[PDB]
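final_6.cif, holding mmCIF, C-alpha atoms:
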```
data_model
loop_
_atom_site.group_PDB
_atom_site.id
_atom_site.type_symbol
_atom_site.label_atom_id
_atom_site.label_comp_id
_atom_site.auth_asym_id
_atom_site.auth_seq_id
_atom_site.Cartn_x
_atom_site.Cartn_y
_atom_site.Cartn_z
ATOM 1 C CA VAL E 290 -129.846 106.603 18.321
ATOM 2 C CA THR E 291 -128.846 106.320 21.971
ATOM 3 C CA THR E 292 -129.447 107.641 25.484
ATOM 4 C CA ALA E 293 -128.387 111.163 26.415
ATOM 5 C CA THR E 294 -125.726 109.822 28.778
ATOM 6 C CA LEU E 295 -124.080 107.774 26.043
ATOM 7 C CA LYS E 296 -124.388 110.713 23.661
ATOM 8 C CA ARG E 297 -122.464 112.977 26.025
ATOM 9 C CA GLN E 298 -119.925 110.214 26.635
ATOM 10 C CA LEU E 299 -119.373 109.880 22.891
ATOM 11 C CA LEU E 300 -119.140 113.606 22.224
ATOM 12 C CA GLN E 301 -116.558 113.968 24.982
ATOM 13 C CA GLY E 302 -113.508 112.779 23.071
ATOM 14 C CA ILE E 303 -114.087 109.590 21.101
ATOM 15 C CA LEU E 304 -116.056 110.444 17.988
ATOM 16 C CA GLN E 305 -114.921 113.213 15.642
ATOM 17 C CA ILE E 306 -117.692 115.743 15.061
ATOM 18 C CA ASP E 307 -118.301 116.734 11.450
ATOM 19 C CA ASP E 308 -121.068 119.347 11.262
ATOM 20 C CA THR E 309 -123.750 121.142 13.229
ATOM 21 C CA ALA E 310 -126.272 121.957 10.478
ATOM 22 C CA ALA E 311 -128.008 119.451 8.225
ATOM 23 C CA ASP E 312 -130.526 119.615 5.385
ATOM 24 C CA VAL E 313 -133.712 117.595 5.829
ATOM 25 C CA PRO E 314 -136.551 117.621 3.283
ATOM 26 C CA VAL E 315 -139.723 119.430 4.257
ATOM 27 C CA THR E 316 -142.081 117.230 2.279
ATOM 28 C CA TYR E 317 -143.484 113.737 1.979
ATOM 29 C CA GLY E 318 -144.273 111.704 -1.123
ATOM 30 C CA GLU E 319 -147.681 110.909 -2.537
ATOM 31 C CA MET E 320 -149.668 108.028 -3.990
ATOM 32 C CA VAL E 321 -152.815 108.971 -5.877
ATOM 33 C CA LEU E 322 -154.417 105.920 -7.563
ATOM 34 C CA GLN E 323 -156.100 107.717 -10.451
ATOM 35 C CA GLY E 324 -156.836 106.594 -13.988
ATOM 36 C CA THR E 325 -155.516 103.441 -15.661
ATOM 37 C CA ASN E 326 -154.809 102.057 -12.193
ATOM 38 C CA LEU E 327 -158.173 103.090 -10.767
ATOM 39 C CA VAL E 328 -160.250 101.035 -13.198
ATOM 40 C CA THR E 329 -158.324 97.860 -12.423
ATOM 41 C CA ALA E 330 -158.885 98.619 -8.735
ATOM 42 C CA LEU E 331 -162.616 98.619 -9.351
ATOM 43 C CA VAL E 332 -163.321 96.006 -12.032
ATOM 44 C CA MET E 333 -160.832 93.463 -10.746
ATOM 45 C CA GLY E 334 -159.118 93.753 -7.385
ATOM 46 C CA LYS E 335 -155.502 94.645 -8.139
ATOM 47 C CA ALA E 336 -153.503 97.784 -8.853
ATOM 48 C CA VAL E 337 -149.887 98.687 -9.587
ATOM 49 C CA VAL W 290 -183.725 72.809 -38.822
ATOM 50 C CA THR W 291 -185.430 69.567 -39.796
ATOM 51 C CA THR W 292 -185.088 66.508 -42.001
ATOM 52 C CA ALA W 293 -185.625 66.588 -45.753
ATOM 53 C CA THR W 294 -188.965 64.794 -45.847
ATOM 54 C CA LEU W 295 -190.378 67.180 -43.269
ATOM 55 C CA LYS W 296 -189.084 70.112 -45.310
ATOM 56 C CA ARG W 297 -191.040 68.776 -48.272
ATOM 57 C CA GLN W 298 -194.133 68.233 -46.143
ATOM 58 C CA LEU W 299 -193.909 71.791 -44.822
ATOM 59 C CA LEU W 300 -193.341 73.482 -48.168
ATOM 60 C CA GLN W 301 -196.145 71.444 -49.732
ATOM 61 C CA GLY W 302 -199.128 73.359 -48.413
ATOM 62 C CA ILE W 303 -198.693 74.600 -44.856
ATOM 63 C CA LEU W 304 -196.009 77.276 -44.866
ATOM 64 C CA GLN W 305 -195.744 80.110 -47.379
ATOM 65 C CA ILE W 306 -192.305 80.696 -48.853
ATOM 66 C CA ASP W 307 -191.217 84.332 -49.047
ATOM 67 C CA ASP W 308 -187.810 84.463 -50.756
ATOM 68 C CA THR W 309 -185.193 82.272 -52.402
ATOM 69 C CA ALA W 310 -182.130 84.295 -51.401
ATOM 70 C CA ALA W 311 -180.908 86.505 -48.587
ATOM 71 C CA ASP W 312 -178.051 88.903 -47.936
ATOM 72 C CA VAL W 313 -175.889 87.470 -45.169
ATOM 73 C CA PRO W 314 -172.634 88.523 -43.502
ATOM 74 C CA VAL W 315 -169.369 87.364 -45.037
ATOM 75 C CA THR W 316 -166.937 88.148 -42.208
ATOM 76 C CA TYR W 317 -166.160 87.331 -38.585
ATOM 77 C CA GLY W 318 -165.727 89.200 -35.356
ATOM 78 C CA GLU W 319 -162.280 89.772 -33.944
ATOM 79 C CA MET W 320 -160.584 90.191 -30.587
ATOM 80 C CA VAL W 321 -156.972 91.332 -30.374
ATOM 81 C CA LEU W 322 -155.874 91.646 -26.719
ATOM 82 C CA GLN W 323 -153.631 94.664 -27.180
ATOM 83 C CA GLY W 324 -153.261 97.943 -25.364
ATOM 84 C CA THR W 325 -153.687 98.477 -21.655
ATOM 85 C CA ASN W 326 -155.327 95.147 -20.917
ATOM 86 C CA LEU W 327 -152.190 93.444 -22.182
ATOM 87 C CA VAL W 328 -150.222 94.237 -19.035
ATOM 88 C CA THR W 329 -153.267 93.353 -16.966
ATOM 89 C CA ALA W 330 -153.215 90.028 -18.794
ATOM 90 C CA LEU W 331 -149.549 89.501 -17.901
ATOM 91 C CA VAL W 332 -148.832 91.150 -14.546
ATOM 92 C CA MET W 333 -152.189 90.465 -12.929
ATOM 93 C CA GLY W 334 -154.512 87.734 -14.106
ATOM 94 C CA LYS W 335 -157.513 89.510 -15.600
ATOM 95 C CA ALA W 336 -158.403 91.267 -18.835
ATOM 96 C CA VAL W 337 -161.617 92.925 -19.972
ATOM 97 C CA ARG W 338 -162.735 93.030 -23.593
ATOM 98 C CA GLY W 339 -163.622 96.690 -23.967
ATOM 99 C CA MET W 340 -161.035 97.962 -21.511
ATOM 100 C CA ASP W 341 -160.285 101.191 -23.361
ATOM 101 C CA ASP W 342 -164.045 101.750 -23.538
ATOM 102 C CA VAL W 343 -164.946 100.960 -19.937
ATOM 103 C CA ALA W 344 -162.133 103.300 -18.886
ATOM 104 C CA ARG W 345 -163.816 106.276 -20.565
ATOM 105 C CA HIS W 346 -167.141 105.718 -18.782
ATOM 106 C CA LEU W 347 -165.447 105.145 -15.410
ATOM 107 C CA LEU W 348 -164.912 108.878 -14.958
ATOM 108 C CA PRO W 375 -169.179 95.381 -43.895
ATOM 109 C CA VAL W 376 -170.024 93.942 -47.297
ATOM 110 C CA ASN W 377 -172.652 91.195 -47.393
ATOM 111 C CA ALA W 378 -173.635 88.570 -49.949
ATOM 112 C CA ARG W 379 -176.861 87.437 -51.615
ATOM 113 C CA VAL W 380 -176.915 83.689 -50.937
ATOM 114 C CA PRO W 381 -179.716 81.259 -51.903
ATOM 115 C CA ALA W 382 -181.845 79.962 -49.036
ATOM 116 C CA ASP W 383 -185.479 79.096 -48.263
ATOM 117 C CA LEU W 384 -187.026 81.762 -46.035
ATOM 118 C CA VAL W 385 -190.561 81.008 -44.875
ATOM 119 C CA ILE W 386 -192.861 83.220 -42.839
#
```
Could I get this file's structure written as structure tokens?
Amino acid sequence: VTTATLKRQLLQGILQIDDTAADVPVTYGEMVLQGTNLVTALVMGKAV
Amino acid sequence: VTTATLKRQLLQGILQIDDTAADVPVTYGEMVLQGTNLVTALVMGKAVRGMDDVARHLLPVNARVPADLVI
């Protein structure tokens, strides 16, 4: 990450560009806390 | 429970004996600590007896032995 000025200064001639298109995921993860971990989060106060 | 002389004094004429023998248990209970509450016993610090049974609700031979039963 940088400032737009430094980005232009880098892209001028110093760095060697590799691509223009990337592949980012379009999802998150998920934590649910159901079942054998729920009961221990209600009887005692810990869960894994 | 009492002392012998009081047992005699009681059985003399006050209390009425019913039986001379009774069928009593010949075994013990048993806890195992296996299954899911094992890892709760090791990783965390707690363990419930009927763990596999509380989870579901969160969404023998005898012997005729002589005794002195009074009523």
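The spacing separating atom CA of residue 294 of chain W from atom CA of residue 307 of chain W amounts to 19.9 Å.
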Pull out every residue of chain W that has at least one atom within 12 Å of chain E, counting only C-alpha atoms, and report them as a PyMOL selection string.
-> chain W and resi 324-326+328-330+332-348
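The coordinates place atom CA of residue 290 of chain E at 16.3 Å from atom CA of residue 303 of chain E.
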Could you jot down the atom CA of residue 306 of chain W to atom CA of residue 377 of chain W separation for me, Å, one decimal place?
->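 Straight-line distance from atom CA of residue 306 of chain W to atom CA of residue 377 of chain W works out to 22.3 Å.
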Near segment 298-304 of chain W, within 10 Å and counting only C-alpha atoms, which residues show up once chain neighbours fewer than 5 positions away are dropped, as number ranges by chain?
-> W: 293, 383, 385-386
Skip segment 313-320 of chain W itself and residues of its chain fewer than 3 positions away, then list as number ranges by chain all residues within 10 Å of it, counting all atoms listed in the file.
-> W: 310, 323, 338-339, 375-381
What are the centre and edge lengths in Å, to one decimal, of the axis-aligned box around all listed atoms of segment 317-325 of chain E with 6 Å added on each side, as JSON?
```
{"center_x": -150.2, "center_y": 108.6, "center_z": -6.8, "size_x": 25.4, "size_y": 22.3, "size_z": 29.6}
```
